[PDB]
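Enquirer: Below is the structure I would like to discuss, written out as structure tokens.
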Amino acid sequence: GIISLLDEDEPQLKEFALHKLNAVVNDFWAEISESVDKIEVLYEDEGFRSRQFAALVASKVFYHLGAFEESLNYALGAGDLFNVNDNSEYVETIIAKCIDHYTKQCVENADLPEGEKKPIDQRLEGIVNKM
Amino acid sequence: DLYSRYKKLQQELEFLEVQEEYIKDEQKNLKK
Amino acid sequence: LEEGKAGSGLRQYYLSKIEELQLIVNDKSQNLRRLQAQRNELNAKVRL
Amino acid sequence: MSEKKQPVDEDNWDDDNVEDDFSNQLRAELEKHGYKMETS
Amino acid sequence: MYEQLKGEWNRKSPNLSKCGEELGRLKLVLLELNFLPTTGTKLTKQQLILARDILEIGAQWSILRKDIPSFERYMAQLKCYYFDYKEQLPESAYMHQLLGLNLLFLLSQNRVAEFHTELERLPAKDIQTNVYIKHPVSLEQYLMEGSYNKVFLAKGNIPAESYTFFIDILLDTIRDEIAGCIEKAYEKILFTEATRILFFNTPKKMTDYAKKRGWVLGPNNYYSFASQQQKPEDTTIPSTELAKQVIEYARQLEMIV
Amino acid sequence: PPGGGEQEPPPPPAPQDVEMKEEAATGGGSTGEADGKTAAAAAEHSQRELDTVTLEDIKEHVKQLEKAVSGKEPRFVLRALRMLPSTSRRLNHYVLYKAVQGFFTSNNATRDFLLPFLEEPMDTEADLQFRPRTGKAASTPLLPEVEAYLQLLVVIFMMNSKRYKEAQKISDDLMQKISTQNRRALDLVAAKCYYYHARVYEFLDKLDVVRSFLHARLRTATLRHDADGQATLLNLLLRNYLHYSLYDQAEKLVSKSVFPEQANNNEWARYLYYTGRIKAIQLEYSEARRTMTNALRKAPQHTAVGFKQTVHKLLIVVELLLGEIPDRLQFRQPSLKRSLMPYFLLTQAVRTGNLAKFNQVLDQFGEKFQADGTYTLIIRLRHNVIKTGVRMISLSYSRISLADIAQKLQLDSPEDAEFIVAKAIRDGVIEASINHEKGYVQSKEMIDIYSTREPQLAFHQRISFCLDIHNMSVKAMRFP
């Protein structure tokens, strides 16, 4: 019910409510599925300090809904608040798919030596060598 | 061992996909 | 945890990976021997 | 095979279809049902 | 801190400035600590008395100012504060009519499935007492069987404030159902059927439906056009999908060899 | 001692002998079938688990003095079982200690040594290789330990035993479930520990503490793959949120985890009960009663079981929310006598047009209606008091005058008879129609339900299910 707090248009009310999101996102799984439209926005809303810490709670709800590439791109957009983490059942699965996405990318890039390679994000290879 | 087990599962998996293929093919061609 | 951090990070990646790769090979050998005997019946027809 | 969903738990021998149809419609069925004719 | 408890509410509230100060009061309370764990600590239940009271007065201000999205916004957080896990919480006496505001509002926007699933939380206040909750459930009972007119007659009896922003939308979403019953292809009726079915001997409402819809009073006659469909049917035109439907029969018989 | 004490020597030893060889051959058989031919769904796993629901609860209730279940803890205090000699050493000890407990007195469990019967049996080199052995022989000593019901420093004996057993389950869940998949065993183990930990939180405060952990077990479920793990935990997670009489049901409407997709005829049966409870309260009546009907006819293979008394109790209400009513009490039970008398006398008044009798039923039997979790009937069944007869008339007659239907429905006014019939057709009670000119309520068209493509629709349903049995049978039949 704190999604109603996320409607209200001041900044310091937002992050306190979405500090409360990843506190109980493991207990209120599917209610946040309707708040997807609010977050996928707030992430596009650039001038606020509520975009990477919103990309955390975005990555949690697509993880429950099975949207795994959605959790993959948004844990990239979660920035350093995701990359600092090392121990959960959550984080080790989406970085395992990140290795899966990376090794199917690199073999695909090995198929075409004549330039034409893919633009590769650097946070995903930044956690490859971190691993 | 943890890498060598992983490739040996792949090689067998590639193999017994081929053997289920032609037996399903042979049983079709054997009915004629 | 010298190995306890290594068991859940870089071995649990492998242990979760080889699990279902065992389950499919456990599945296909059941499916293969079904296809074997079904070919064994029809070939026993035709040779007779 | 419990489900742990237990915790609480011709007279009328074959009558309940006929009983759900009619129950108390002056069951003697004569003093009005046969005695229309003095009203007509 | 301790900011404007009953400044412009108990006498009169035409102001929007204290609404911006209640916004500042929302900034003070939700920067005190939190409301999420609520482990023990009656001392941190002290501002929980305050935080619920200032959202009661925000709810009273929300319905007074004729605001639809914000009224359900504060009411949800009020309901979140009666969603307290560790609820010692001596009874704030505004709760039952506060629910009756929401219970009547959520009847009004035709959330009838949400209407009855909200009613679970009250053990005996529905029947024994509490006319504030007894009024919408007796109202919803009147919508059930055939009883349109008792709704429109028992409008003029409210224990609380007049519930005016709820009931006018509530009756308007009854009028279109009577309209949607009478907007059929049944062609013509007269003004006395407007009084019986629609309502109101000679109103401004007959001018309302004259300008919104048709239903124009001609020679003492309303003309409602035919809302009848055309039904272009061949129904052998499921010939491709029927020929398709046969194919996966023989496919699923074969192909596993 | 001369009356019952001479018949005290016969009850230990034969349950000490042949009931012991049950799980000795099964736990030996389940282990070797976990080693080779690991897909053992068609094995003794199921019926032994059908036994542990049924047999061992009624085989033993107390911890069985003279060393049948009180002897299990000095029996399995010393189990190394680690290497092939360490097994064959303990296979000699399976001969020795069972003979000593069959002859003489070992450590007698006088209902108090349960935590040193959880450390030292788990100690003395007890394996996680035999994690089905530790899983079964920790979940099975819950049952002498709960069903004593003395509850004096035993709630923590429950609490420690579950957290020991589930940390063993967690140690399986992270470390090397190599071709084993103990979830088949540990689903009902997670259930049976938390049927009574729910009962613990019935004697004391609320059980949302269970639900936060139960989300976490369902969070680690559904990610690996679903093999009954998501199925068993979903009915558990739904039950308290339905048991609480707060708002509580829009959480389940958004619960999009609707698929176990196969549930061995028993999870799926009561899963359809709980979701039928949900769709009935949010007014989706017609879909609710048909899945309540599906739930009723799915597990009747019981003996006066009581939840069959519950699903039969709700289904007659929701059809009284649709007008029709069948025969109900024709299968009277030793317990149905209490539950037939309200509801049969209820629908007795529903079929009639009487209301002062109907309110007399409410004052007579309101306490049972409040006990059954069906407060809500009085606000929703008074709707169908008028909707029963108007469906009955529109089924009987063909072209009725609305002036005549007012006296026949005792409506006491001919003018609102338009409105009820308008409510019937707009909500779709009858497919009839009103002529608003001279009182006609005329019925449908002529019956044309053979030459209008409708027999093909039902015939396609029966194709798509029957040959689907055929393909599922051929794959399931040939394992070797």
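If you're wondering about the labels, chains in the structure tokens are A, B, ... by order shown, residues count from 1 in each chain, ligands from 1 in order shown.
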Region 33-214 of chain E: which residues are alpha helix (DSSP H) by DSSP, as an MDAnalysis selection string?
Expert: chainID E and resid 46:64 68:81 95:108 112:118 131:142 149:153 164:182 191:193 205:212
Enquirer: Enumerate, in order of chain and increasing residue number, the residues of chain E with an atom no farther than 8 Å from chain A, each with its shortest atom pair and distance in Å to one decimal, counting only C-alpha atoms, as CSV.
Expert:
```
residue,atom,partner,partner_atom,distance
E:27,CA,A:13,CA,7.7
E:30,CA,A:13,CA,7.6
E:36,CA,A:20,CA,7.3
E:73,CA,A:4,CA,5.4
E:74,CA,A:4,CA,7.8
E:76,CA,A:1,CA,6.1
E:77,CA,A:1,CA,6.3
E:80,CA,A:1,CA,6.4
```
Enquirer: Residues within 12 Å of residue 127 (chain E), please, as a ChimeraX atom specification. Count only C-alpha atoms; anything in the same chain fewer than 6 positions from it doesn't count.
Expert: /E:119,133-135,137-138 /F:375-376,378-379
Enquirer: Up to 10 Å from chain F, what residues of chain D turn up? Count only C-alpha atoms and give them as a ChimeraX atom specification.
Expert: /D:1-9,12-17,19-21,23
Enquirer: Using only C-alpha atoms, find which residues of chain C lie within 10 Å of chain A and jot them down as number ranges by chain.
Expert: C: 5, 8-10, 12-14, 16-17
Enquirer: Return the neighbours of chain F among the residues of chain E, cut-off 6 Å, counting only C-alpha atoms, as JSON, numbers by chain.
Expert: {"E": [113, 118, 120, 121, 144, 145, 146]}
Enquirer: What's the separation between CA of residue 11 (chain A) and CA of residue 66 (chain E), in Å to one decimal place?
Expert: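 Computed distance, CA of residue 11 (chain A) to CA of residue 66 (chain E), equals 25.6 Å.
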Enquirer: Between CA of residue 12 (chain F) and CA of residue 58 (chain F), measure the distance and give it in Å to one decimal.
Expert: 14.7 Å
Enquirer: Could you list the residues in chain C lying within 7 Å of chain B, using only C-alpha atoms, and format the result as a PyMOL selection string?
Expert: chain C and resi 14+18+21+25+32+35+39
Enquirer: Output the contact residues of chain C with respect to chain F at a cut-off of 10 Å, based on only C-alpha atoms, as a compact mmCIF listing (two decimals) with N, CA, C and O atoms, in the first residue's frame.
Expert:
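Final output, saved to part_3.txt:
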```txt
# COMPACT_ATOMS: atom_id res chain seq x y z
N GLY C 7 32.69 -22.41 -2.47
CA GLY C 7 31.72 -23.45 -2.76
C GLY C 7 30.41 -22.91 -3.27
O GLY C 7 29.77 -23.52 -4.13
N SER C 8 29.98 -21.75 -2.76
CA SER C 8 28.69 -21.18 -3.13
C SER C 8 28.77 -20.20 -4.29
O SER C 8 27.73 -19.82 -4.83
N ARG C 11 31.61 -22.93 -7.48
CA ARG C 11 31.24 -24.33 -7.56
C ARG C 11 29.74 -24.53 -7.61
O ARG C 11 29.26 -25.44 -8.29
N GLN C 12 28.97 -23.68 -6.91
CA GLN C 12 27.52 -23.75 -6.98
C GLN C 12 27.02 -23.34 -8.35
O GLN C 12 25.92 -23.76 -8.76
N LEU C 15 27.59 -26.84 -9.83
CA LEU C 15 26.71 -27.85 -9.25
C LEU C 15 25.26 -27.66 -9.67
O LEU C 15 24.53 -28.64 -9.87
N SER C 16 24.82 -26.41 -9.80
CA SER C 16 23.50 -26.18 -10.35
C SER C 16 23.47 -26.47 -11.84
O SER C 16 22.43 -26.87 -12.37
N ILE C 18 25.36 -28.81 -13.62
CA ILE C 18 25.40 -30.23 -13.96
C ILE C 18 24.21 -31.00 -13.42
O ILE C 18 24.09 -32.20 -13.69
N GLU C 19 23.31 -30.34 -12.68
CA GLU C 19 22.15 -31.04 -12.14
C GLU C 19 21.16 -31.40 -13.24
O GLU C 19 20.86 -32.58 -13.45
N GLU C 20 20.66 -30.40 -13.96
CA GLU C 20 19.68 -30.67 -15.01
C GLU C 20 20.31 -31.37 -16.20
O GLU C 20 19.62 -32.12 -16.90
N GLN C 22 22.33 -33.72 -15.81
CA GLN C 22 22.16 -35.11 -15.42
C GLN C 22 20.71 -35.56 -15.60
O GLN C 22 20.47 -36.71 -15.98
N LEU C 23 19.76 -34.65 -15.39
CA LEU C 23 18.34 -35.02 -15.42
C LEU C 23 17.87 -35.32 -16.83
O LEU C 23 16.99 -36.16 -17.03
N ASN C 26 19.35 -38.65 -17.70
CA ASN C 26 18.51 -39.61 -17.00
C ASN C 26 17.17 -39.80 -17.70
O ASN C 26 16.59 -40.89 -17.66
N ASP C 27 16.68 -38.76 -18.38
CA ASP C 27 15.40 -38.84 -19.07
C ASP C 27 15.53 -39.55 -20.41
O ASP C 27 14.68 -40.38 -20.75
N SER C 29 17.64 -41.72 -21.67
CA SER C 29 17.92 -43.15 -21.67
C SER C 29 16.66 -43.96 -21.40
O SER C 29 16.52 -45.08 -21.92
N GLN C 30 15.74 -43.42 -20.61
CA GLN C 30 14.41 -44.00 -20.51
C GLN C 30 13.70 -43.94 -21.85
O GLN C 30 13.09 -44.92 -22.30
N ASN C 31 13.78 -42.78 -22.52
CA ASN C 31 13.09 -42.60 -23.78
C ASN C 31 13.75 -43.39 -24.90
O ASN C 31 13.08 -43.82 -25.84
N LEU C 32 15.06 -43.60 -24.80
CA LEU C 32 15.77 -44.31 -25.87
C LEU C 32 15.39 -45.78 -25.88
O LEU C 32 15.04 -46.32 -26.93
N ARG C 33 15.42 -46.43 -24.71
CA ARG C 33 15.13 -47.86 -24.63
C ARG C 33 13.69 -48.18 -24.97
O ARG C 33 13.38 -49.31 -25.36
N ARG C 34 12.78 -47.21 -24.82
CA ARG C 34 11.45 -47.36 -25.37
C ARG C 34 11.50 -47.43 -26.89
O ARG C 34 10.85 -48.28 -27.50
N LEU C 35 12.29 -46.56 -27.51
CA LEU C 35 12.41 -46.56 -28.96
C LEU C 35 13.14 -47.79 -29.48
O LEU C 35 12.89 -48.22 -30.60
N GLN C 36 14.05 -48.34 -28.67
CA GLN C 36 14.79 -49.54 -29.05
C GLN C 36 13.84 -50.71 -29.25
O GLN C 36 13.77 -51.30 -30.34
N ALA C 37 13.05 -51.02 -28.21
CA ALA C 37 12.20 -52.21 -28.24
C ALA C 37 11.07 -52.08 -29.25
O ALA C 37 10.64 -53.07 -29.84
N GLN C 38 10.59 -50.85 -29.47
CA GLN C 38 9.58 -50.64 -30.50
C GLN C 38 10.14 -50.90 -31.89
O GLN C 38 9.40 -51.35 -32.78
```
Enquirer: Restrict the distance test to only C-alpha atoms, flag each residue of chain A within 12 Å of chain F, and return the flagged residues as a PyMOL selection string.
Expert: chain A and resi 1+24-34+60-61+63-66+68+88-90+92-94
